Amino acid sequence: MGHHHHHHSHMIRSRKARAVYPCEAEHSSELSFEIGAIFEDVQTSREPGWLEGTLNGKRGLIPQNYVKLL
Numbered sequence: 007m008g009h010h011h012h013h014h015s016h017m018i019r020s021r022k023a024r025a026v027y028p029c030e031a032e033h034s035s036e037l038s039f040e041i042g043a044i045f046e047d048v049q050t051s052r053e054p055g056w057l058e059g060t061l062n063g064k065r066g067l068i069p070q071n072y073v074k075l076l
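Dropping the structure here:
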């Protein structure tokens, strides 16, 4: 194991995002989080300007503006 799957030539699926703004969400589907929170497999949602990615073992609505793809 001496190779990283996360290359610059490949960013479709398997994405990471670091929350740069906190999302204190009110609905179950929406992920609540603070600054620093990393998300696994961040992809585009069907909701406009929202993303779906895994946080603490749960996927849901993440504000795209509140996160920055690593």
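Counting the sequence shown from 1 gives a position; my numbering is that position plus 6. In this text, a Cβ means the ideal position worked out from N, Cα and C, and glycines have one as well.
On the three-pair Cβ rule with 8 Å, is the stretch 8–20 touching the stretch 35–44? Three or more Cβ pairs closer than 8 Å define a contact, and the stretch 8–20 falls short of that threshold against the stretch 35–44.
CB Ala31 to CB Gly59, shorter than 9 Å? Their beta carbons are not under 9 Å apart, which means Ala31 does not touch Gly59 by this criterion.
Going by DSSP, what residue range makes up the beta strand (DSSP E) through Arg24? That run of the beta strand (DSSP E) goes 22–25.
Quickly, what does DSSP pair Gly66 with across the bridge? List them, please. Beta-bridge pairing by DSSP links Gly66 to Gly59.
Whose C-beta lies closer than 7 Å to the C-beta of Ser51 among residues of the same chain, with five residues either side of it excluded? The residues are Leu57, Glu58, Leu67.
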